[PDB]
Amino acid sequence: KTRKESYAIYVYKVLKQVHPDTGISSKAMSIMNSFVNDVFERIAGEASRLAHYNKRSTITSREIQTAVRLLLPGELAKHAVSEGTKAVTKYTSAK
Amino acid sequence: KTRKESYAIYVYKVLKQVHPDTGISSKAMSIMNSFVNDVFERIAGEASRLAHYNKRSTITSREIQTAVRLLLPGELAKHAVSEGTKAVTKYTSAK
Amino acid sequence: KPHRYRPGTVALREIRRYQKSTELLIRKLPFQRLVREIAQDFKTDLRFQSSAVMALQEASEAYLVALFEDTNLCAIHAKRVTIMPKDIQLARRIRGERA
Amino acid sequence: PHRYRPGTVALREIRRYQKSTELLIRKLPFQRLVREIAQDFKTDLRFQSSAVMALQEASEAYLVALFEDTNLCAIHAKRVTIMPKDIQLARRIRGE
Amino acid sequence: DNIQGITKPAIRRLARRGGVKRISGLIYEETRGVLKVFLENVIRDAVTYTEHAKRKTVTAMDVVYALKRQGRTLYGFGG
Amino acid sequence: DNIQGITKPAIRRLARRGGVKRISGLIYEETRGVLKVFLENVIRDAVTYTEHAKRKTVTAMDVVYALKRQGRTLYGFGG
Amino acid sequence: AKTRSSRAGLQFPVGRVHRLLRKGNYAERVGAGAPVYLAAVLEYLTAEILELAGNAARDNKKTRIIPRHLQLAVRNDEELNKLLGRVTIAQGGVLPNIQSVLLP
Amino acid sequence: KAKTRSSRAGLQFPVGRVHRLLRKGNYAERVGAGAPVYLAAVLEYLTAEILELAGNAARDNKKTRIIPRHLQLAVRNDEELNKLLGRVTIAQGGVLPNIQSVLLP
DNA sequence: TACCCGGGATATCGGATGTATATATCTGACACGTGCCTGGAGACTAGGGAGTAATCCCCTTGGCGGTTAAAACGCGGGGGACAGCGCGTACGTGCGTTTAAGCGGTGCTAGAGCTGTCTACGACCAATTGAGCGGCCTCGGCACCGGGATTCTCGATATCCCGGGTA
DNA sequence: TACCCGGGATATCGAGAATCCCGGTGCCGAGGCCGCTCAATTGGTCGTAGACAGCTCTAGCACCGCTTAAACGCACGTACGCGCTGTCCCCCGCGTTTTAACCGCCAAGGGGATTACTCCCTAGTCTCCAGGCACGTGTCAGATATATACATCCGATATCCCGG
């Protein structure tokens, strides 16, 4: 009865925000959960490697930004860096 | 003038212990140094992954043993696990 | 007369039929027996979750379908339409799976 | 006027270059190509000599493995002549 | 010995999914060989992970970790 | 434009190292294309590492890290 | 008690991402811009893929995304195929691809 | 009473440097003592095997100094070292003398 | 040896088969509400990792003179890639036979999966010292020039045995 | 017709260009010695990570009965693989001419790296509380039976065309 964490409700929230009438099965939810875990591990891995290369011990937004620019191919990198920088501005200038 | 660490003298010691008359150039020494760093990173990586899978935070000899049994192909694994277990016995029963 | 198609028409019909479906093509139980038999030669008295054998079958079928894709490209490359074990061996060699 | 048949100097060169270890691409035009390609990523980039040497080592190793797979495709097609068909097949089967 | 359970129609269906129109007769044994080698590599790694967990049941996570180590990441079974 | 500096004899020598006996004429442009794409991928990554180090000189370690990320580990240049 | 997800205008949890960056043994120190930025990136990739998958579900006249729809959504896009080239999606099958030389 | 753990374990590669690289490298929170001894042993064994085959190929080439080419031949003519280093380029090494059969007259 | 009829390649429509599109039913899996509790959040403090200024000297880039190995440009030819042809054999399709893979049940029990206890093993801190790295040096193993042995290539030449028109 | 003439293919040798081996000479990088400094070691102390015992209850494995779905085998025929052969054109060897790659030497300055100093961002503690998860319940999306339409695709055939 140990609570197994998941990204299921967050994927469902983003699905309703991009397609309000389409639902999703549980197998496709498992596939999306594994996609999120995979991309997470990929980006955090590359960021840790970047921090070790530069003799640093702090993973900041710059490491995640360069990890995204390495790992995502082309236009996905361009849009995600924009979206990420937007969210950090809104974070650093909020109330 | 920062002392750059290396495995050069240790490779030279093992070379004299396996071929007493053959020397080695500096480029082949660089290649052996990079081989040692590479295999080190490979085994410590797999061992860290094993420890994370099993909800553990201590890398012991068992993790390194299973990392060697995963990464080395076949007979290299069989001889290295033997050699490694030998060195841990001699370590745990020394003065 | 009994009706019969020419060679090739049912093959292409089946190509379409199986490229539309997503279901597992190997039967479940003989594959399970093969998996337990191969495991036997590593440790005696091993047990398996059902999802473990389903995962093995999913990956095995995906692997063989990508392999036959590359084998068909080798056959077509040799101005043939019949795949041969030469073609599988070439595919696996260039893909790096020989050793 | 001595003249060999076609094929004999080719095989002689195959042996000569499979025994040698030296770099086959000239150094300076490769360096200009590397600076030219880098130019389209950041202006005013500098390069250590060992960086360009590493690029050349890896590029030549890549092209030699590519021609090995291309020769296997040619032999598979009952030919002794490599073709752009063969390079494209090699890169396709290799996943590039 | 159970490798024959991978029948000729099943290999033909797999080839149809790959888009193959015509299949020679020596394919089938060759394919049984290749599949046998693939499962050998994968199950060995999965059994190793079971050995390290001091368990007797090979979980699906073991097979996922094994396929992932070999560069064939499988989605839909956890992890 | 400097891609022609990769000459026809140099591609022939590379093919000889690969064991190729006979070379058709359309190979050479195709090979110039493939090499151009390879260096594009590698130098992009190396420049990214230089960007992150806030430097202006692309070191050999950058190219080693880049080739290693792309699954082509190069020995003999450090690291 | 305003959560950091809503403070950043996001949906993915910034707290869970932050504690997975801490527990995962990646570095000694982990900033605050890092989990916010990483949750933003992950939300963008999930958004793009679920968009293409809902489109492929619509083309198939269905309102529930199945594995097959994710398969088509990924393999018909070029950059998601480059991203997930070494990834098998279960219950997905392949694209309807028939070579030209096999046709009569 | 300053006997090092390398000599204590009967090894040559430094157990202290391996231990401090397992600590600095951010692999886990805790690191035992059996781990760096065992890992130094494994690394010593692989270095021994590679330098053995490489001295053999240097001797066969009538040379007393191991060059990169000799490491190349030592690795690519052994099967298991080829499996270990299949995706690894050794600089200044070249390739094996391999000529296909159909190309021969 | 002329009329009639047999074989072959390439358009046409009937007609047989599989396939995409219309309803009815029934489900069981997805969507949603509820309790609750454990991880997220707010507040505060310490310190040490990181930002910034200054310095300095390494090494990266640019330029010139020569010289020489290599690339570029064309000849001529054979040999290999490309279109045409025939055989045979071995696969694909369809029909009857039959082997076993799935579905639905219960029974059991080995073993995964949690809980509490508790010591021993590792992190942290200080002293100390010796092992490992920068610098220097010298000298012998490797690089290199030249000559002879050798080692495969290729043409010229004598010789040969099977069938279409010359003398 | 049997001729002496004439095109295909075989062995055999000897010039001839290329390569390996063998000495002979120089040179520069690898092996070795010395200072010193900083990281490996030893001794000590807590704190909690993990080994271990016990309990449970989940699911994994053996066992039977029907049930058709699918595998197996056999005949047959035709379409594709493969061997043969004829052409031609394209690439390969080689000589000649151009040309830019390399060496080497020197010069100026951009920035890589190092040290010092401040400062502020995160790790860590403590307290509180509410969002996420397990569990329960409905309801409709779609999987499943059957019924006609709507494309291929193969043979009879419709006619063109020579031929034995």
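A short reminder: the numbers here are calculations on the coordinates, not readings from a lab. In this analysis, Cβ positions are derived from the backbone assuming ideal geometry, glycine residues included, and neighbour counts consider all displayed protein chains.
Looking only at residues in the range F:14-30 that are assigned to a helix (DSSP H, G or I) and more than 7 Å from chain D (Cβ to nearest Cβ), the one that is surrounded by the fewest Cβ atoms within 10 Å (Cβ to Cβ) is F:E29.
Close Cβ contacts (under 9 Å, 6 or more residues apart or on different chains) running from residues in the range E:61-79 that are closer than 17 Å to A:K4 by Cβ and at the interface with chain G (Cβ under 7 Å from one of its Cβ atoms) to residues that are assigned to a helix (DSSP H, G or I) and basic (K, R) comprise E:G76/A:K27.
The single residue among A:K27, A:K4, A:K13 that is within 13 Å of DNA strand J (Cβ to nearest atom) and not in a helix (DSSP H, G or I) turns out to be A:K4. Scoring A:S25 on the criteria (1) more than 7 Å from chain G (Cβ to nearest Cβ); (2) touching a strand residue (DSSP E or B) at 6+ places or on another chain (Cβ under 7 Å); (3) surrounded by fewer than 19 Cβ atoms within 10 Å (Cβ to Cβ) leaves a single failure, condition (1). Among the residues in the range D:13-21, are any more than 7 Å from chain F (Cβ to nearest Cβ), more than 25 Å from F:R72 (Cβ to Cβ) and small (G, A, S)? The answer is no; no qualifying residue exists.
Only one of the numbered conditions (1) within 12 Å of DNA strand J (Cβ to nearest atom); (2) of a type in the set (S, T, Y); (3) closer than 30 Å to G:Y26 by Cβ is not met by H:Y38, and that is (1). Where helices (runs of 4 or more DSSP H) fall entirely within the range H:1-89, those with at least 3 residues that are within 8 Å of chain B (Cβ to nearest Cβ) and not β-branched (V, I, T) are at H:15-24, H:34-60, H:68-77, H:79-84. Restricting attention to the range B:34-46, the residues that are more than 7 Å from every other protein chain (Cβ to nearest Cβ) and either touching a residue at least 24 places away in the same chain (Cβ under 8 Å) or within 16 Å of DNA strand J (Cβ to nearest atom) (or both) total 2. Between A:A8, A:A77, A:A44, A:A28, the distinction of being closer than 29 Å to G:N25 by Cβ, of a type in the set (A, V, I, L, M) and within 10 Å of DNA strand I (Cβ to nearest atom) belongs to A:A8 only. Looking across the range G:4-26, just one residue is near DNA strand J (Cβ under 8 Å from one of its atoms) and of a type in the set (G, A, S), and that is G:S5.
The criterion of being of a type in the set (S, T, N, Q) and exposed (fewer than 15 other Cβ atoms within 10 Å of the Cβ) does not hold for G:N55. Taken over the range A:66-91, the residue count meeting the criterion of being touching a residue at least 12 places away in the same chain (Cβ under 8 Å) and more than 7 Å from chain G (Cβ to nearest Cβ) is 7.
For the range B:48-65, filtering for residues that are assigned to a helix (DSSP H, G or I), within 7 Å of chain H (Cβ to nearest Cβ) and in contact with a strand residue (DSSP E or B) (Cβ under 9 Å, 6 or more places away or on another chain) leaves 2.
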